[PDB]
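Take a look at the structure set out below.
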2 protein chains.
Amino acid sequence: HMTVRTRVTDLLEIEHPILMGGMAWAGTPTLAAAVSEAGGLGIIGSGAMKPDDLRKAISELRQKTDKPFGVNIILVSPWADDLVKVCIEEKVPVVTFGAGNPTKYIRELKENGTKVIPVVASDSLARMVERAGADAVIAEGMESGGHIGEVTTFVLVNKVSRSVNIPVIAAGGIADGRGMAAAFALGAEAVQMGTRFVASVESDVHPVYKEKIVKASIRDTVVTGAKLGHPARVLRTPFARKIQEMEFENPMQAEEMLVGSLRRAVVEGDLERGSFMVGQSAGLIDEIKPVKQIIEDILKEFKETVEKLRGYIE
Amino acid sequence: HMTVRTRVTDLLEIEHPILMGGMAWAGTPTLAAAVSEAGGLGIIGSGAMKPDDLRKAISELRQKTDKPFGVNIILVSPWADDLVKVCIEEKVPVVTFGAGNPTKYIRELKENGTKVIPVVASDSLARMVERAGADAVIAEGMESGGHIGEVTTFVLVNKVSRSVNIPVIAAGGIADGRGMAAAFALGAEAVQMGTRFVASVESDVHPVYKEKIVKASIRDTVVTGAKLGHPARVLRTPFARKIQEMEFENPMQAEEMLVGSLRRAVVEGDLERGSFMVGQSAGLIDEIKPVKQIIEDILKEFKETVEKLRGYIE
């Protein structure tokens, strides 16, 4: 089939330049294993985990697949240090980081053979982690679901690719091969998707979450928590709208009702109380397919898109 | 040189698939004339104009160039009707519209031989204006400077392209050939730039405006007026930050100091009191060049980008 070789496929020793996004609750071992088996890089989201949970998670994944995989670590977690140690001890091939500067850990992880891929939303952070020894970076645009920065993918991927020599991985707004083509045009050498993979048959999120992604238009997301210092892109529900109003009228009250809301969405499909992290890519997703098919479709459309672009330079 | 033919170049009868954005104050006859002369489509921004002004502007532009050009009309202007009649009377080749649904005017303009290209930020509006007889549409992502919608370029251009058969022109985040390549991969057949052309030697905006575009990073913009119903992306100045904090603390006071602010920026370079419409593309712009060179650079890099993409499907 149409397989694309990039510096990221070489670096990670995987078949396809497609990574799964680090997601708390949704980023389970079953989903990660599926993406890794399909030839991409599955990622376990440790966001919501204690060290024993992560270790149980890594073990479950390995009972499902021999292929490479990664773990996402949220730096603002109070278990961050211990989670990094679990990864070194379990010899996890790739480790990605969110919510901060992971310079602190790069050297130890690297000396143990781990590939380190920070998630960044600024040209600055990209440069710093490159100097600190990062193997690659994930430039995540604000159209992405979950916690977001302030720069769109179109601009960010461009700027970051120009600024660093290490490969850049595009994240935010990519749900098909047109998107991969575009990401690559901007300078990326791999893509990362979250929403698209939650919208898979292997994803074990609650059905209502899948239903909402499918039925969502490109305009059915809103940003909550901007005023609380942790802006997040979520499905536009009447609850999301109340949180928005609330974070001005009573910030404490808003912080309160966000507590446990990510889990209520992912595990309980609770529309009246949950936070459904969803990128704007939701509006480019109309069905639920198996992970293997999603990848094949993206690679096929990528080849087609590059071919029609060839048409203009004749 | 490397010139690219698209349905948009045929439709508009111009050499290059590059349009200048409609901008109040910045979108002057001189800059439009320069873009049209360079082979793209210059656009006069009627935003801040009375019918007599538009007529004088059309005349000036014609004393500068024989090539095709357009006029941007803001629907929420009280002179909208009269502005449309000026365009019909002066046989303006292309008319673009912003800030609403221009269905009302499409048939009259079309019967007079004018090409109508609405600016949209939603898939819905795109479909409607297509059914109403629009020749093309401009999908404007929220990374764009000035008044913005809520969907990023990466996602919007993809969805709109898929939904309508008429050509789509990508706007927002495009300041180079990588961008044009990416835009085209997403489905567009032309691009529109604002910031990039304000950052030209022919642009007659105040020098401080140009200096700021050049010195601005991809993160130096903020959105003011979200709560006032007219969200606009501006340079992140202390004044912009005050207006933000103020539209919640005292909405009517905010509305008051925004009055006359766009002109104070463009004409007087007033940093303490002006609103500098600026896309996130500002951070991808590091110098001021002539319009003719911007276009050549974009076309050269577009060719190079497509060729590099060819490398992956080998």
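Residues in the structure tokens are numbered from 1 in each chain, the chains being A, B, ... in the order shown, and ligands are numbered from 1 in the order shown.
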- Got a sec: who's within 7 Å of stretch 104-120 of chain A, counting only C-alpha atoms, leaving out chain neighbours fewer than 4 positions off, as number ranges by chain? A: 88, 92-98, 125-126, 132-140
Prev. selection, N, CA and C atoms, output as a CSV table (one decimal), in the first residue's frame:
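Output file result-v7.csv follows:
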```
chain,number,residue,atom,x,y,z
A,88,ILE,N,11.2,5.1,32.4
A,88,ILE,CA,12.5,4.6,32.3
A,88,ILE,C,12.6,3.2,32.7
A,92,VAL,N,10.0,2.5,28.1
A,92,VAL,CA,9.1,3.0,27.1
A,92,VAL,C,9.9,3.6,26.0
A,93,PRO,N,9.5,3.3,24.7
A,93,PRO,CA,10.3,3.8,23.6
A,93,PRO,C,10.2,5.3,23.4
A,94,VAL,N,9.0,5.9,23.5
A,94,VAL,CA,8.8,7.3,23.3
A,94,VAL,C,8.1,7.9,24.5
A,95,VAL,N,8.5,9.1,24.9
A,95,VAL,CA,7.8,9.9,26.0
A,95,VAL,C,7.5,11.3,25.5
A,96,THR,N,6.2,11.7,25.5
A,96,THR,CA,5.8,13.0,25.2
A,96,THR,C,5.4,13.7,26.4
A,97,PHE,N,5.5,15.0,26.4
A,97,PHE,CA,5.2,15.9,27.6
A,97,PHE,C,4.3,17.0,27.2
A,98,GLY,N,3.4,17.4,28.1
A,98,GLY,CA,2.5,18.6,27.9
A,98,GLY,C,2.5,19.5,29.1
A,125,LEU,N,9.4,27.8,23.1
A,125,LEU,CA,9.5,26.5,23.8
A,125,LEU,C,10.1,25.5,22.8
A,126,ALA,N,9.7,25.5,21.5
A,126,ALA,CA,10.3,24.6,20.6
A,126,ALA,C,11.8,24.8,20.5
A,132,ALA,N,17.8,21.7,24.6
A,132,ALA,CA,17.9,20.7,25.7
A,132,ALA,C,18.0,19.3,25.2
A,133,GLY,N,17.9,19.0,23.9
A,133,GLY,CA,18.1,17.7,23.4
A,133,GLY,C,16.8,16.9,23.0
A,134,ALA,N,15.7,17.6,22.7
A,134,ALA,CA,14.5,16.9,22.3
A,134,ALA,C,14.7,16.3,20.9
A,135,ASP,N,14.2,15.0,20.7
A,135,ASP,CA,14.3,14.3,19.4
A,135,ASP,C,13.4,14.8,18.3
A,136,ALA,N,12.2,15.4,18.8
A,136,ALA,CA,11.3,15.9,17.9
A,136,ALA,C,10.4,16.8,18.7
A,137,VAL,N,9.4,17.6,18.1
A,137,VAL,CA,8.4,18.3,18.9
A,137,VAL,C,7.1,18.2,18.2
A,138,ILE,N,6.0,18.4,19.0
A,138,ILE,CA,4.7,18.4,18.5
A,138,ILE,C,4.2,19.8,18.6
A,139,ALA,N,3.9,20.5,17.5
A,139,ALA,CA,3.4,21.8,17.4
A,139,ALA,C,1.8,21.6,17.4
A,140,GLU,N,1.2,22.0,18.5
A,140,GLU,CA,-0.3,21.8,18.7
A,140,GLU,C,-1.0,23.1,18.5
```
Distance cut-off 6 Å, counting only C-alpha atoms - which residues of chain A neighbour chain B? Return them as a compact mmCIF listing (two decimals) with N, CA and C atoms, in the first residue's frame.
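Result saved to part-v6.txt:
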```txt
# COMPACT_ATOMS: atom_id res chain seq x y z
N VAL A 4 4.41 6.14 3.49
CA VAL A 4 5.27 7.33 3.43
C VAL A 4 6.38 7.31 4.48
N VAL A 155 -0.29 28.63 11.23
CA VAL A 155 0.80 29.52 11.55
C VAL A 155 1.87 28.81 12.36
N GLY A 173 -6.50 19.96 14.08
CA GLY A 173 -7.24 20.16 12.83
C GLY A 173 -7.02 19.13 11.74
N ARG A 178 -5.84 15.19 3.15
CA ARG A 178 -5.73 16.61 2.77
C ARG A 178 -4.96 17.33 3.87
N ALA A 181 -1.30 16.32 4.00
CA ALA A 181 -0.63 17.00 2.89
C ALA A 181 -0.33 18.44 3.30
N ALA A 182 -1.35 19.13 3.81
CA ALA A 182 -1.21 20.53 4.23
C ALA A 182 -0.21 20.69 5.36
N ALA A 185 3.16 20.37 3.92
CA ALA A 185 3.49 21.56 3.13
C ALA A 185 4.03 22.64 4.04
N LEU A 186 3.43 22.76 5.23
CA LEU A 186 3.83 23.78 6.21
C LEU A 186 5.19 23.49 6.86
```
Stretch 270-278 of chain B: which residues within 7 Å, counting only C-alpha atoms, same-chain residues fewer than 2 positions away excluded, as an mmCIF file with N, CA, C and O atoms, in the first residue's frame?
```cif
data_model
loop_
_atom_site.group_PDB
_atom_site.id
_atom_site.type_symbol
_atom_site.label_atom_id
_atom_site.label_comp_id
_atom_site.auth_asym_id
_atom_site.auth_seq_id
_atom_site.Cartn_x
_atom_site.Cartn_y
_atom_site.Cartn_z
ATOM 1 N N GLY B 145 -6.242 38.738 10.514
ATOM 2 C CA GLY B 145 -6.354 40.019 11.217
ATOM 3 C C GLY B 145 -7.743 40.629 11.029
ATOM 4 O O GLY B 145 -8.475 40.278 10.111
ATOM 5 N N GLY B 146 -8.112 41.555 11.891
ATOM 6 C CA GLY B 146 -9.405 42.198 11.778
ATOM 7 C C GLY B 146 -10.531 41.329 12.275
ATOM 8 O O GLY B 146 -10.307 40.382 13.026
ATOM 9 N N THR B 195 -2.107 41.131 6.098
ATOM 10 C CA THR B 195 -0.900 41.528 6.817
ATOM 11 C C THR B 195 0.333 41.570 5.895
ATOM 12 O O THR B 195 1.088 42.552 5.863
ATOM 13 N N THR B 221 -0.782 38.790 19.073
ATOM 14 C CA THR B 221 -2.124 39.291 18.741
ATOM 15 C C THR B 221 -3.099 38.867 19.831
ATOM 16 O O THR B 221 -2.836 37.909 20.541
ATOM 17 N N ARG B 233 -9.168 40.680 15.592
ATOM 18 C CA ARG B 233 -7.832 40.310 16.028
ATOM 19 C C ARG B 233 -6.905 41.487 15.865
ATOM 20 O O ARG B 233 -6.739 41.984 14.755
ATOM 21 N N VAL B 234 -6.280 41.923 16.954
ATOM 22 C CA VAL B 234 -5.422 43.115 16.915
ATOM 23 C C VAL B 234 -4.056 42.857 17.531
ATOM 24 O O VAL B 234 -3.854 41.864 18.211
ATOM 25 N N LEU B 235 -3.118 43.762 17.287
ATOM 26 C CA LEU B 235 -1.790 43.649 17.872
ATOM 27 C C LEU B 235 -1.940 43.740 19.378
ATOM 28 O O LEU B 235 -2.723 44.540 19.869
ATOM 29 N N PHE B 239 -2.962 48.994 25.301
ATOM 30 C CA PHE B 239 -4.285 49.518 24.985
ATOM 31 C C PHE B 239 -5.281 48.399 24.632
ATOM 32 O O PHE B 239 -6.439 48.438 25.064
ATOM 33 N N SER B 261 -10.379 54.215 16.549
ATOM 34 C CA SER B 261 -9.115 53.575 16.874
ATOM 35 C C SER B 261 -8.399 52.937 15.680
ATOM 36 O O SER B 261 -7.172 52.920 15.623
ATOM 37 N N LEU B 262 -9.153 52.383 14.743
ATOM 38 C CA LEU B 262 -8.544 51.744 13.580
ATOM 39 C C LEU B 262 -7.816 52.786 12.730
ATOM 40 O O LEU B 262 -6.740 52.510 12.204
ATOM 41 N N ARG B 264 -6.675 55.817 13.896
ATOM 42 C CA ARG B 264 -5.543 56.328 14.648
ATOM 43 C C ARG B 264 -4.330 55.399 14.462
ATOM 44 O O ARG B 264 -3.199 55.873 14.402
ATOM 45 N N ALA B 265 -4.557 54.088 14.341
ATOM 46 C CA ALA B 265 -3.439 53.161 14.110
ATOM 47 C C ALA B 265 -2.901 53.374 12.702
ATOM 48 O O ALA B 265 -1.741 53.740 12.518
ATOM 49 N N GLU B 268 -2.148 57.445 12.035
ATOM 50 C CA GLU B 268 -1.254 58.161 12.953
ATOM 51 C C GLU B 268 -0.233 57.289 13.673
ATOM 52 O O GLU B 268 0.611 57.816 14.377
ATOM 53 N N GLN B 280 -2.187 36.579 12.789
ATOM 54 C CA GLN B 280 -1.117 35.821 13.416
ATOM 55 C C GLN B 280 0.018 35.626 12.436
ATOM 56 O O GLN B 280 1.117 35.308 12.826
ATOM 57 N N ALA B 282 1.569 37.827 11.182
ATOM 58 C CA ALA B 282 2.595 38.814 11.524
ATOM 59 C C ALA B 282 3.907 38.145 11.928
ATOM 60 O O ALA B 282 4.994 38.604 11.567
#
```
- Message: With DSSP run on the backbone, what are the strand (DSSP E) residues within stretch 80-314 of chain B? I'd like them as a PyMOL selection string.
- Response: chain B and resi 94-98+115-120+137-140+146-147+168-171+190-193+221-224+232-235
Go ahead and save the residues from that selection, with C-alpha atoms, as a short mmCIF file (atom, residue, chain, number, x, y, z; two decimals), in the first residue's frame.
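The resulting out.cif:
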```cif
data_model
loop_
_atom_site.label_atom_id
_atom_site.label_comp_id
_atom_site.auth_asym_id
_atom_site.auth_seq_id
_atom_site.Cartn_x
_atom_site.Cartn_y
_atom_site.Cartn_z
CA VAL B 94 -14.94 42.04 -8.78
CA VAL B 95 -16.85 42.84 -5.58
CA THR B 96 -16.23 41.10 -2.26
CA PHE B 97 -18.51 41.29 0.79
CA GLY B 98 -17.96 40.91 4.50
CA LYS B 115 -17.83 38.64 -10.29
CA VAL B 116 -19.13 38.34 -6.70
CA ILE B 117 -16.93 36.73 -4.02
CA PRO B 118 -18.42 36.72 -0.49
CA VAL B 119 -16.18 36.35 2.56
CA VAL B 120 -17.45 33.55 4.79
CA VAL B 137 -15.94 32.41 -1.78
CA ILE B 138 -13.22 33.54 0.59
CA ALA B 139 -12.96 31.21 3.61
CA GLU B 140 -11.40 33.37 6.32
CA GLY B 146 -9.41 42.20 11.78
CA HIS B 147 -12.94 40.91 12.27
CA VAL B 168 -12.62 28.64 -2.53
CA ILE B 169 -10.01 31.30 -1.70
CA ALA B 170 -8.07 30.69 1.55
CA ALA B 171 -7.59 33.66 3.88
CA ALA B 190 -6.30 30.91 -4.56
CA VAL B 191 -5.10 32.73 -1.45
CA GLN B 192 -5.87 36.11 0.09
CA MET B 193 -3.39 38.01 2.30
CA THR B 221 -2.12 39.29 18.74
CA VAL B 222 -5.27 39.32 20.93
CA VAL B 223 -8.99 39.31 20.23
CA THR B 224 -10.88 42.48 21.31
CA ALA B 232 -11.43 41.51 15.91
CA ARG B 233 -7.83 40.31 16.03
CA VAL B 234 -5.42 43.12 16.92
CA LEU B 235 -1.79 43.65 17.87
#
```
- Item | Nearby residues (only C-alpha atoms) at most 9 Å from residue B:12, same-chain spacing under 2 positions excluded, as a ChimeraX atom specification | /B:7-10,14-15,17,41,68-69,93-94,115
- Using DSSP on the backbone coordinates, identify all residues within stretch 26-154 of chain A classified as alpha helix (DSSP H); present the result as a count of residues only. 51
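Non-sequential neighbours of residue A:29 (distance at most 9 Å, separation of 6 or more positions within a chain, only C-alpha atoms) are residues 42, 43, 44, 45, 57, 58, 59, 60, 61, 62 and 64 of chain A.
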Can I get the selection written as a PDB file, in the first residue's frame, with C-alpha atoms?
```pdb
ATOM      1  CA  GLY A  42      -0.125   4.749  20.093  1.00  0.00           C
ATOM      2  CA  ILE A  43       0.165   6.965  23.156  1.00  0.00           C
ATOM      3  CA  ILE A  44      -1.013   6.250  26.690  1.00  0.00           C
ATOM      4  CA  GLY A  45      -2.328   9.410  28.383  1.00  0.00           C
ATOM      5  CA  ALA A  57      -1.395   0.486  31.583  1.00  0.00           C
ATOM      6  CA  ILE A  58       2.016  -0.182  29.988  1.00  0.00           C
ATOM      7  CA  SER A  59       1.666  -3.866  30.807  1.00  0.00           C
ATOM      8  CA  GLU A  60      -1.833  -4.160  29.276  1.00  0.00           C
ATOM      9  CA  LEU A  61      -0.642  -2.468  26.073  1.00  0.00           C
ATOM     10  CA  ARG A  62       2.220  -4.940  25.722  1.00  0.00           C
ATOM     11  CA  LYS A  64      -1.925  -6.342  22.991  1.00  0.00           C
TER      12      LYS A  64
END
```
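Distance-wise, atom CA of residue B:286 and atom CA of residue B:213 end up 7.9 Å apart.
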- Message: as a PyMOL selection string, please: the residues near stretch 288-294 of chain A (cut-off 8 Å, only C-alpha atoms, same-chain neighbours under 2 positions excluded).
- Response: chain A and resi 34-35+38+197+199-202+210+214+286+296-298
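Here atom CA of residue B:36 stands at a distance of 11.0 Å from atom CA of residue B:295.
What separates atom CA of residue B:212 from atom CA of residue B:74 is a distance of 26.0 Å.
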